[PDB]
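The structure appears below as structure tokens.
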There are 4 protein chains.
Amino acid sequence: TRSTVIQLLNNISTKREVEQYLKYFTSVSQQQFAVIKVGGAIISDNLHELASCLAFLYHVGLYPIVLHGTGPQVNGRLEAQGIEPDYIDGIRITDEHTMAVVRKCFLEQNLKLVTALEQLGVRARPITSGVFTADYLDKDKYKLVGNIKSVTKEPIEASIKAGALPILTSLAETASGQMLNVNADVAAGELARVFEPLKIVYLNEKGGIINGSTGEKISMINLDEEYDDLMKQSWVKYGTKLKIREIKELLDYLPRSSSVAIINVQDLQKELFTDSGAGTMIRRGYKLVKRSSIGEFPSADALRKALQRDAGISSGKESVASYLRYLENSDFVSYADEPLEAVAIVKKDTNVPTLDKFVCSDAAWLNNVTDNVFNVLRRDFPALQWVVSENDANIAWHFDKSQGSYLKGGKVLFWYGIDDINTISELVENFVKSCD
Amino acid sequence: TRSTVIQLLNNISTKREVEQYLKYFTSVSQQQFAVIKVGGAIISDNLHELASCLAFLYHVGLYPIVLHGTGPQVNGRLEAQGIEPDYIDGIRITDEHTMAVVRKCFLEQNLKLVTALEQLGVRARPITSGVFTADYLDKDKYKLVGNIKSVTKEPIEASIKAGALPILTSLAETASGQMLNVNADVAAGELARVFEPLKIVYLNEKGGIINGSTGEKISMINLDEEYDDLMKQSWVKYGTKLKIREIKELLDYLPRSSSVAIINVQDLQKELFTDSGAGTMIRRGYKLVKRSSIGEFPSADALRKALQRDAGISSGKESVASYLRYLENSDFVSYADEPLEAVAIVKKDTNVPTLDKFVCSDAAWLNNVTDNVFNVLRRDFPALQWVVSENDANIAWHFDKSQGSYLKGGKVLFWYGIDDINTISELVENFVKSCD
Amino acid sequence: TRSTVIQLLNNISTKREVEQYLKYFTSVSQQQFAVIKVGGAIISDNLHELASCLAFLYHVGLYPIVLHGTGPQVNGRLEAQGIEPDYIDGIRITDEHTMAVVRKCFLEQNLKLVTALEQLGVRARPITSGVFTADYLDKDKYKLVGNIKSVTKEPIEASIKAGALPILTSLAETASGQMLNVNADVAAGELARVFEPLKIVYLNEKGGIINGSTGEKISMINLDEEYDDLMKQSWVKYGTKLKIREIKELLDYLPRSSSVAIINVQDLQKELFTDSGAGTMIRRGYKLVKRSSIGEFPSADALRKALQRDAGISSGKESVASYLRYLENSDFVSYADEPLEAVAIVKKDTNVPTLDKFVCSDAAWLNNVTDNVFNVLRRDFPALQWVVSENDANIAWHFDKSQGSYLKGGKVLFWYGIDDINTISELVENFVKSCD
Amino acid sequence: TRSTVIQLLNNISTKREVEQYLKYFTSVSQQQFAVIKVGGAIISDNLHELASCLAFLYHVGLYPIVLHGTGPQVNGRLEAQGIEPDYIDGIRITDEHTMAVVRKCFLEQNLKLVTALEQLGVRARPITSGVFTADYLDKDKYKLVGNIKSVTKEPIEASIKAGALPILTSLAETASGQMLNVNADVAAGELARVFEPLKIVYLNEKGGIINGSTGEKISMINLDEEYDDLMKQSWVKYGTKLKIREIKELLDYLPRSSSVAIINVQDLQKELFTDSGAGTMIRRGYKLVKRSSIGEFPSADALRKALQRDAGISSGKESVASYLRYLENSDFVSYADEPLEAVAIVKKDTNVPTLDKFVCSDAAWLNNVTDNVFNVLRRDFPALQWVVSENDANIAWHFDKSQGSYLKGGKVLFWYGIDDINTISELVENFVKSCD
């Protein structure tokens, strides 16, 4: 009804978000929406919120594949029953007695989420077995704990197809039928490899990643860029490292378009579409490559193909040829990602270096490659100037990345990092005098 | 719509059927509608008809619990793979290698029925595990074949409740998780014990229990009476015994009414309501006790109490006293159930023996004790005559059980087994001359 | 849901009714279901029952065209407003002041039924104008009272089509737009001529037709048969005659399938389908015509079209041509109704005349034309024989019409009126030897 | 489904629009949605678009009252039939013969829109009569053309209530029943007066209002502000004046919240919610009032109540008291609308006058009172400076209204109209030095 329209609008903040939401809906998504790993903690305690939110996705069309675990509840019942639980190497030692109680919990939890969604008018389908094939992790060490050998898709598909949210337990079974306990996170990840979904979401109770050393939360992690010198940091806790790595390894084998998000339940249906949602959002993103020379770029040609995108060389003031000659005879730094989706060229020659070209693709903008290119520029050029058309689609954005702005006919001058009142005036003159 | 109303009316023949259909609908059925056991043969071959028909029940409201097996398809894939299948004691010897192929078949079949029903707009819910708990039948003999220890209802209920036909595979699993093969018929029977449903239907491919000796089906089987010598027959196969016994054992534990019907898929939605639906109908019913002498009946008195029911001794032409004298001085066979709900007395003295009294209770009629009493009479008296009031409630029925009929004022003469035109004429004369 | 199925079955008494209901549903009804004229009395007073009942039809699919008046309520409001009503020649003198109060009543009533049905989940569509075109009855005499010149169907259709019970007021309007008061019964009839519906139902408060001379109510009138000598009766009141004729004239030009019913509201959703409902039900129905010669039947051809129905000439043993040659060369009597829906041919040539063909339509059976044909046969042939298939739909019926029966493989021999033990035996032999 | 979500997002451009849309939905709208007058031209020609668009509103919950005319089609059929149409005083002379052909058109068109909407799954309800009561405009002059005396709401309500878009023809009728032709626009306006709806939309084929003298289209007209000196303009054509006045007069008697819009059909479901839709949008709106003195404001007090909204006086640096003292002792110009929803105060005292306070309500922003206040400021202060928080919700907007910007910690300095490089530097210093 409008019940859905309200809740969508209530979760839209800016224009960029509207465009995002449409991308997912206007996507002819034989490429699946999302795999959402749900902790057991959440079903037992915070269910209404989870259901309400899955109901929304269902209603707006999208079909998340939900995969849930069964954590705390199990340990109480094992204690109730007089069995002190076991963890060797961070995994549960899982003998017959324990497995009985683990499975009964799984089914109880699984059906509780399904009957809940069903009560909010969503079609659910419990899938308590036969998605995951596996074999023993180490029969001596973990007893009945499995290593997932393969995912059969057919039930998860012919659910979605029939119009019903598939709710999966994270039990795998062997050929011969013996069920085995498997980490809900490793199972999540195996699904993700197999459906290559647009979003992968790990719902924790906790809520993303806090930086133990600054206190500041982490919004986004750009693995290709940040992974290595964020992993080898003293503040990052080892439970974090064993997940950050886990995720890097997943997204290594999934497309670039694919992302992962770690979120508290309550902030979900925001950061399933935004990156301003609190909670942490991780993806590969692009290694920018710093270059000081035309004959550095592996692409002699495709550098031209990229700069042609610009609406000052495509509307011919200067051709690229005439511009590349000028470049090669000038000390410049150029950041560009591997596939030349975003090139930035900074002419270093005038105090307040100019960002002379910043040719960024429509795809580069919605992927905030641009955001990242400017963050490089920041630390590499503590003071900087550039020009934008008065009606560049995202002028707002340039304003935001600046400290000062001037507008002569048509063009806006921007800069940052500078505040000699008299060196400012020098900028503004050279710019206004630039009308030749 | 009407689509459903047409197909209901198209399957209503007489008044008695209308009354029947109402009984099932007007039943405030927290006592469940039906358990329908579907052979694997039917899903692989005759699916459309099965789905179309379950779709009907679903549309008219009713929610059958459907439990399917997975026969031939498995045996082909076992043969494809080079394994000659094994049956000891009518159950499959089932090792790891066999179980893997049995379970993959079950899921494949289960989902195929579900995605089929779903395409005809019926909500199905695959329930591939966790209805049945079991333990090993005999681990040495059958390997991974289970004995069903208990049925958990909660999934089958909270399916129906959420509005979707529950389609069960007949796999059980042990505490510790190992799945085990169980006969689709033994599993069907365990469900029936626990939901006590109004109808139990075993769908077979042939269309009942065809008699290997005589050639044609066995319509009603009275277990208490017929079981033992209708099992130890030379024509009867061993897969039949593991059904016949399985059913005897079920109905031993269910009320005198609860019945089983064995029916071809093609005429399912006739049985589910009427008992037109010819095919083998099996139930406990009564041990009829054959007697040749008044002073045989343990009840000297209650024989009188029974014959008083008759509306030719209750409207006093002859009292019972005056009739019991006549009986005792005549060679007669009398079949009567233990509680004298139906007495039949056959005077043996005239070629074409007379069925002289057939005193059957209102309760005996709706319980087809009558049907059964006549089936005894059949084999014991290959030729027989009797008299019915022109307006006996169920005259229709007597016509049906006859080969020939004559009507003098008030009374209708019936017989069977005889066709000497001249011995027929002798019947009709002795009857018309019976007007004294 | 079943809610509808229960209420349908709860209103089915006998077999004949089941067949009737089917007729209406299985009708692919570009030929409409019903025109139901509702008195104003009923909307103001007995509404719940009228809505509950229309709802039923709506739910079981059927779309009655409802046309309502506005009687008693008007006369109170005219009196409330100080206008003493006028009747000249049994019609309301209807000036501007009266018309204003009549129209306001009509709309109020019309919407009250619509909003009522709508509250029971039925889609209604008020149609307050533009169905009936008319011109002044007599402008000097009745002022604004109209004579219906024509019905425009388009609204009533594109309502039903879009799924909504059309509720019509009985106002007509002139070309130029002036609304005029018009008889709700003459309007009902004009609709009927134009939609050719299956049921035409006049809901009166009264409740059918009583016989002033016996006191006995009239269930059914068979116009073709009874009209003439029921019209020229001294007991029949003139207000009755002016209606009986009215109806005869309507149904003369509507199909044979069509009927009229005059019922008290409370007995409605019984005698919209049964003929055992109290209230009077009228229709054309059938005189049987006795014929002794092929070239007697006015239809040379349609006799063939009739005999083709038979499942021994349609499954081609003998074609009709070859059978008609045989008939024409044999003394036979043939009873057949006017429209050849039931033919019976009796070959007179063998002692115990045979009923050689008895070709009776599905419509003829539910009409009990058959019953009547056999009653003619009775007095005209005091002894008679015939043969029926062991599984003829209505074998029960033949048994009933017989005195004696024999069954050889497949076919049953029947007769009546004979009791020379030795002429009986002759029947049974000729029949058993008929296996030729 | 999503079908609705897509079409909503496809019509949202900026943040401001999101907020607008939420206003209409989150409105507990016992205050109705809209009256949409549709020209006859659109049904006959451009129907799909009209239905597709009314369907949207229906789907997102909103129930427009549609009132349609019947223009060109009528004039063709009158010409087909050989009658040259009549217009005296811009209205149709409408005698009996014409009325017949007018009414038939109306019903034909009306039902065509209803059966169209119905095909897109919207419930429509034709309302061909009984909404409008009227009497003759001038019986001699126009014959059967009416003047609408009153609107009865009951049908239109009990439609919406029963869940169906009411589609009204613009025929009125007299007490006594004579239907009369009435201008679709006068009728639309009469509905508007009676339901006081949020939006009144006149769909023309043409598409809004062009300025004959500049060529520029007119987006919005702010009647209270512009009416008088836009009416007494030489370029405004008289057909425009007769409409502008028409509308002024309507909105005079409707709330301030109510608006009128004149749009081409294709741009409809945009400027039913936005004001950036092409087409013209008219409403009463807000006169800004220029003030030079505290004791000018009619509100001694509510000026204080307004300035308290500001988050530099609400977070207490300076109270309003202490600020109002300063104001009164300073030459300042202050623009504010009548209800003080948006105040701007410009301290004139420093070359580059400061906009010292600009206190604008959330409602003032979504109304673009702010936009208009700055436009006044523009012509009155050709050069101007002001300060905004770095994270003021709508900082983007300030940027846009500027020529130059500087950012010291926290605060952004803005200005326009000035380009002495050295007077700019003077601004930036006085600002950076403003850190006390």
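Starting from 1 in every chain, residues are counted up; chains themselves are A, B, ... following the order of the structure tokens, and ligands are numbered from 1 as listed.
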
task: Find the residues in chain D near chain A: any atom within 8 Å counts, using only C-alpha atoms. Write them as a PyMOL selection string.
output: chain D and resi 1-2+5-6+9-10+12-15+18+22+25-26+59-61+396+399+403-408+421-422+425+428-429

Take the residues that were just selected and, keeping N, CA and C atoms, output them as a compact mmCIF listing (two decimals), in the first residue's frame.
```txt
# COMPACT_ATOMS: atom_id res chain seq x y z
N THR D 1 2.88 -2.71 -5.87
CA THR D 1 3.98 -3.73 -5.80
C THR D 1 5.07 -2.70 -5.72
N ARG D 2 6.17 -3.02 -6.36
CA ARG D 2 7.22 -2.10 -6.75
C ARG D 2 6.75 -1.17 -7.82
N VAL D 5 6.32 1.88 -6.29
CA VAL D 5 7.61 2.43 -5.82
C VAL D 5 8.45 2.97 -6.99
N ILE D 6 8.50 2.27 -8.12
CA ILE D 6 9.32 2.75 -9.23
C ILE D 6 8.80 4.10 -9.66
N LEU D 9 9.64 6.97 -7.29
CA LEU D 9 11.02 7.36 -7.39
C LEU D 9 11.35 8.02 -8.75
N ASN D 10 10.84 7.45 -9.84
CA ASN D 10 11.06 8.04 -11.15
C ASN D 10 10.60 9.49 -11.23
N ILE D 12 10.80 11.69 -8.45
CA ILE D 12 11.46 12.44 -7.38
C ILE D 12 12.85 12.84 -7.85
N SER D 13 13.10 14.13 -7.80
CA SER D 13 14.33 14.71 -8.34
C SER D 13 15.27 15.07 -7.20
N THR D 14 14.78 15.90 -6.26
CA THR D 14 15.58 16.43 -5.17
C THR D 14 14.96 16.11 -3.82
N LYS D 15 15.71 16.41 -2.77
CA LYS D 15 15.32 16.23 -1.36
C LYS D 15 14.02 16.92 -1.04
N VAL D 18 11.06 14.93 -1.86
CA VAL D 18 10.78 13.82 -0.92
C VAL D 18 9.93 14.33 0.21
N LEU D 22 5.98 13.21 1.28
CA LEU D 22 5.64 12.79 2.63
C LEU D 22 4.56 13.59 3.37
N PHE D 25 1.10 12.24 2.06
CA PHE D 25 0.85 10.92 2.58
C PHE D 25 0.67 10.93 4.09
N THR D 26 1.60 11.56 4.80
CA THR D 26 1.55 11.61 6.28
C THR D 26 0.38 12.48 6.78
N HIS D 59 -3.44 3.67 -6.18
CA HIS D 59 -2.58 2.66 -5.62
C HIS D 59 -1.84 3.18 -4.39
N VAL D 60 -1.35 4.43 -4.44
CA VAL D 60 -0.60 4.97 -3.31
C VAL D 60 -1.60 5.47 -2.29
N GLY D 61 -2.86 5.05 -2.41
CA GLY D 61 -3.86 5.39 -1.39
C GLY D 61 -4.78 6.56 -1.72
N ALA D 396 23.94 23.72 0.81
CA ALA D 396 23.97 23.68 -0.64
C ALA D 396 23.27 24.89 -1.25
N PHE D 399 25.09 28.11 -1.03
CA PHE D 399 26.18 28.17 -1.98
C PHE D 399 25.60 28.68 -3.27
N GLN D 403 27.96 34.14 -4.89
CA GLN D 403 29.02 34.21 -5.84
C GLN D 403 30.37 33.73 -5.25
N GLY D 404 30.61 34.02 -3.98
CA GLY D 404 31.81 33.56 -3.30
C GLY D 404 31.62 33.07 -1.86
N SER D 405 32.51 32.16 -1.46
CA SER D 405 32.42 31.47 -0.18
C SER D 405 33.79 31.34 0.45
N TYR D 406 33.85 31.46 1.79
CA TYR D 406 35.06 31.11 2.55
C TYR D 406 34.70 30.31 3.79
N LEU D 407 35.57 29.40 4.20
CA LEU D 407 35.30 28.57 5.37
C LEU D 407 36.43 28.67 6.36
N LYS D 408 36.17 29.32 7.50
CA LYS D 408 36.99 29.17 8.72
C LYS D 408 36.28 28.15 9.58
N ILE D 421 38.68 42.50 -6.04
CA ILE D 421 39.50 41.53 -5.41
C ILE D 421 39.84 42.04 -4.00
N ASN D 422 40.20 43.32 -3.87
CA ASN D 422 40.59 43.88 -2.54
C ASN D 422 39.44 44.12 -1.55
N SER D 425 38.92 40.54 -0.20
CA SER D 425 39.89 40.23 0.83
C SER D 425 39.51 40.91 2.14
N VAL D 428 36.97 38.68 3.80
CA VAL D 428 37.49 37.44 4.32
C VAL D 428 38.30 37.65 5.58
N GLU D 429 38.96 38.79 5.68
CA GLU D 429 39.71 39.10 6.89
C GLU D 429 38.78 39.40 8.06
```

message: Let's see if you can do this: from backbone DSSP, list all alpha helix (DSSP H) residues in segment 146-265 of chain D, as number ranges by chain.
response: D: 154-160, 184-195, 223-231, 238-252

Near-residue 178 of chain A list (9 Å; only C-alpha atoms; drop same-chain fewer than 5 positions) as number ranges by chain: A: 144, 172-173; B: 173, 176-179

Include N, CA and C atoms and write out the residues we just selected as a PDB file, in the first residue's frame.
```pdb
ATOM      1  N   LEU A 144      31.108 -33.973  15.087  1.00  0.00           N
ATOM      2  CA  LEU A 144      30.183 -33.677  14.021  1.00  0.00           C
ATOM      3  C   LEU A 144      30.168 -32.179  13.727  1.00  0.00           C
ATOM      4  N   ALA A 172      24.778 -28.264   7.431  1.00  0.00           N
ATOM      5  CA  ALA A 172      25.135 -28.988   6.233  1.00  0.00           C
ATOM      6  C   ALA A 172      24.940 -30.457   6.530  1.00  0.00           C
ATOM      7  N   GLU A 173      24.846 -31.279   5.488  1.00  0.00           N
ATOM      8  CA  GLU A 173      24.821 -32.755   5.646  1.00  0.00           C
ATOM      9  C   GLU A 173      25.806 -33.441   4.725  1.00  0.00           C
TER      10      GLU A 173
ATOM     11  N   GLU B 173      14.963 -38.756  10.913  1.00  0.00           N
ATOM     12  CA  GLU B 173      16.388 -38.681  11.391  1.00  0.00           C
ATOM     13  C   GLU B 173      16.514 -39.007  12.895  1.00  0.00           C
ATOM     14  N   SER B 176      21.024 -37.729  16.923  1.00  0.00           N
ATOM     15  CA  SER B 176      22.334 -37.225  16.544  1.00  0.00           C
ATOM     16  C   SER B 176      22.423 -36.781  15.086  1.00  0.00           C
ATOM     17  N   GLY B 177      21.365 -36.975  14.315  1.00  0.00           N
ATOM     18  CA  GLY B 177      21.229 -36.298  13.039  1.00  0.00           C
ATOM     19  C   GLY B 177      21.190 -37.185  11.809  1.00  0.00           C
ATOM     20  N   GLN B 178      21.586 -38.441  11.925  1.00  0.00           N
ATOM     21  CA  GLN B 178      21.679 -39.283  10.754  1.00  0.00           C
ATOM     22  C   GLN B 178      20.311 -39.540  10.156  1.00  0.00           C
ATOM     23  N   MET B 179      20.139 -39.197   8.882  1.00  0.00           N
ATOM     24  CA  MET B 179      18.881 -39.446   8.193  1.00  0.00           C
ATOM     25  C   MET B 179      18.806 -40.929   7.859  1.00  0.00           C
TER      26      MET B 179
END
```

field: Residues near segment 251-261 of chain C, cut-off 7 Å, only C-alpha atoms, skip fewer than 3 positions along chain, as a PyMOL selection string
entry: chain C and resi 196-202+247-248+280-285

Since we have the selection now, will you write its residues out, keeping N, CA, C and O atoms, as a tab-separated table (two decimals), in the first residue's frame?
```
chain	number	residue	atom	x	y	z
C	196	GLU	N	-32.49	-11.59	-21.93
C	196	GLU	CA	-32.86	-12.98	-22.08
C	196	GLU	C	-32.29	-13.84	-20.94
C	196	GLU	O	-31.84	-14.94	-21.19
C	197	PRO	N	-32.39	-13.38	-19.67
C	197	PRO	CA	-31.84	-14.13	-18.58
C	197	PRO	C	-32.52	-15.45	-18.22
C	197	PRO	O	-33.69	-15.66	-18.48
C	198	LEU	N	-31.77	-16.28	-17.51
C	198	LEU	CA	-32.20	-17.62	-17.07
C	198	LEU	C	-33.35	-17.62	-16.01
C	198	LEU	O	-34.22	-18.48	-16.04
C	199	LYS	N	-33.28	-16.71	-15.05
C	199	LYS	CA	-34.25	-16.59	-14.00
C	199	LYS	C	-34.73	-15.19	-14.08
C	199	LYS	O	-33.93	-14.27	-14.19
C	200	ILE	N	-36.04	-14.99	-14.03
C	200	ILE	CA	-36.61	-13.67	-13.78
C	200	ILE	C	-37.34	-13.77	-12.48
C	200	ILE	O	-38.17	-14.67	-12.35
C	201	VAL	N	-37.00	-12.95	-11.48
C	201	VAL	CA	-37.57	-13.11	-10.15
C	201	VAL	C	-38.25	-11.85	-9.69
C	201	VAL	O	-37.60	-10.84	-9.50
C	202	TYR	N	-39.55	-11.93	-9.48
C	202	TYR	CA	-40.32	-10.85	-8.91
C	202	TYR	C	-40.44	-11.05	-7.38
C	202	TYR	O	-41.16	-11.95	-6.92
C	247	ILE	N	-46.79	-12.82	-17.87
C	247	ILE	CA	-45.65	-13.72	-17.83
C	247	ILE	C	-45.59	-14.61	-19.05
C	247	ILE	O	-44.53	-14.80	-19.60
C	248	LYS	N	-46.73	-15.15	-19.45
C	248	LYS	CA	-46.80	-16.03	-20.62
C	248	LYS	C	-46.18	-15.29	-21.76
C	248	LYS	O	-45.32	-15.81	-22.47
C	280	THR	N	-44.28	-19.30	-6.09
C	280	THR	CA	-44.78	-19.82	-7.34
C	280	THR	C	-43.74	-19.68	-8.41
C	280	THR	O	-43.16	-18.61	-8.55
C	281	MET	N	-43.56	-20.72	-9.21
C	281	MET	CA	-42.56	-20.72	-10.26
C	281	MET	C	-43.16	-21.06	-11.61
C	281	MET	O	-43.72	-22.13	-11.81
C	282	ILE	N	-43.02	-20.18	-12.57
C	282	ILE	CA	-43.73	-20.37	-13.83
C	282	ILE	C	-42.78	-20.57	-15.00
C	282	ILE	O	-41.78	-19.90	-15.07
C	283	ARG	N	-43.10	-21.46	-15.95
C	283	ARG	CA	-42.34	-21.56	-17.22
C	283	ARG	C	-43.05	-22.34	-18.34
C	283	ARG	O	-44.07	-22.99	-18.12
C	284	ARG	N	-42.48	-22.29	-19.54
C	284	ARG	CA	-43.14	-22.83	-20.70
C	284	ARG	C	-43.26	-24.32	-20.60
C	284	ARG	O	-44.36	-24.85	-20.65
C	285	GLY	N	-42.15	-25.03	-20.50
C	285	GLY	CA	-42.23	-26.50	-20.29
C	285	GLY	C	-42.97	-27.28	-21.43
C	285	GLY	O	-43.00	-26.72	-22.51
```

message: Set the distance at 12 Å and use only C-alpha atoms: which residues neighbour segment 223-234 of chain B once local chain neighbours fewer than 6 positions away are removed? I'd like the list as a ChimeraX atom specification.
response: /B:209,211-214,240-252,256,259-260,281-290,335-338,369,372-373,375-376

Do you know which residues are at most 6 Å from segment 348-363 of chain A counting only C-alpha atoms, after dropping those on the same chain fewer than 5 positions away, and could you put them as an mmCIF file with N, CA and C atoms, in the first residue's frame?
```
data_model
loop_
_atom_site.group_PDB
_atom_site.id
_atom_site.type_symbol
_atom_site.label_atom_id
_atom_site.label_comp_id
_atom_site.auth_asym_id
_atom_site.auth_seq_id
_atom_site.Cartn_x
_atom_site.Cartn_y
_atom_site.Cartn_z
ATOM 1 N N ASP A 310 35.281 14.011 -20.830
ATOM 2 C CA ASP A 310 35.234 15.441 -20.424
ATOM 3 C C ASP A 310 34.431 16.307 -21.427
ATOM 4 N N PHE A 332 53.675 16.777 -13.419
ATOM 5 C CA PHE A 332 52.331 16.582 -13.023
ATOM 6 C C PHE A 332 52.276 15.287 -12.264
ATOM 7 N N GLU A 341 38.471 4.654 -15.103
ATOM 8 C CA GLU A 341 37.100 5.117 -14.890
ATOM 9 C C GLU A 341 37.112 6.537 -14.306
ATOM 10 N N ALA A 342 38.174 6.855 -13.565
ATOM 11 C CA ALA A 342 38.388 8.190 -13.012
ATOM 12 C C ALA A 342 39.876 8.572 -13.102
ATOM 13 N N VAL A 343 40.178 9.599 -13.886
ATOM 14 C CA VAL A 343 41.516 10.153 -13.959
ATOM 15 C C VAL A 343 41.501 11.528 -13.292
ATOM 16 N N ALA A 383 47.605 21.708 -0.134
ATOM 17 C CA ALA A 383 46.878 22.870 -0.642
ATOM 18 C C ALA A 383 46.680 22.771 -2.152
ATOM 19 N N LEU A 384 45.487 23.120 -2.624
ATOM 20 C CA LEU A 384 45.057 22.767 -3.974
ATOM 21 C C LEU A 384 43.951 23.687 -4.502
ATOM 22 N N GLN A 385 43.937 23.911 -5.822
ATOM 23 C CA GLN A 385 42.862 24.692 -6.494
ATOM 24 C C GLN A 385 42.277 23.950 -7.705
ATOM 25 N N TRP A 386 41.004 24.210 -8.020
ATOM 26 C CA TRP A 386 40.425 23.655 -9.237
ATOM 27 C C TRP A 386 39.225 24.414 -9.711
#
```

Interatomic distance, atom CA of residue 27 of chain A to atom CA of residue 63 of chain A (Å, one decimal):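 The value is 13.1 Å.
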
Just want the 9 Å neighbourhood of residue 180 of chain B, counted on only C-alpha atoms, with same-chain residues fewer than 6 positions away dropped. Output as a compact mmCIF listing (two decimals) with C-alpha atoms, in the first residue's frame.
```txt
# COMPACT_ATOMS: atom_id res chain seq x y z
CA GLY A 177 22.99 -38.04 5.47
CA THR B 94 20.35 -48.92 2.46
CA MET B 99 21.28 -43.27 0.91
CA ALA B 134 13.67 -42.40 14.41
CA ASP B 135 16.28 -44.89 15.27
CA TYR B 136 17.84 -47.75 13.34
CA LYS B 143 21.92 -50.37 7.57
CA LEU B 144 20.49 -46.82 7.51
CA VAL B 145 16.76 -47.70 7.68
CA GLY B 146 14.80 -46.27 10.52
CA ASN B 147 11.94 -47.15 12.82
CA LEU B 171 12.82 -39.42 5.76
CA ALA B 172 13.25 -39.67 9.51
CA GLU B 173 16.39 -38.68 11.39
CA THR B 174 17.99 -39.81 14.63
```

field: Computed interatomic separation between atom CA of residue 184 of chain C and atom CA of residue 70 of chain C (Å)
entry: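 Rounded to one decimal, the two atoms are 8.7 Å apart.
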
query: Any idea what the distance is between atom CA of residue 297 of chain B and atom CA of residue 377 of chain B?
result: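 Going from atom CA of residue 297 of chain B over to atom CA of residue 377 of chain B covers 18.7 Å.
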
message: Please extract the residues of segment 268-387 of chain A with a backbone DSSP assignment of strand (DSSP E) and present them as a VMD selection string.
response: chain A and resid 280 to 283 288 to 291 332 to 337 342 to 347 354 to 360 384 to 387
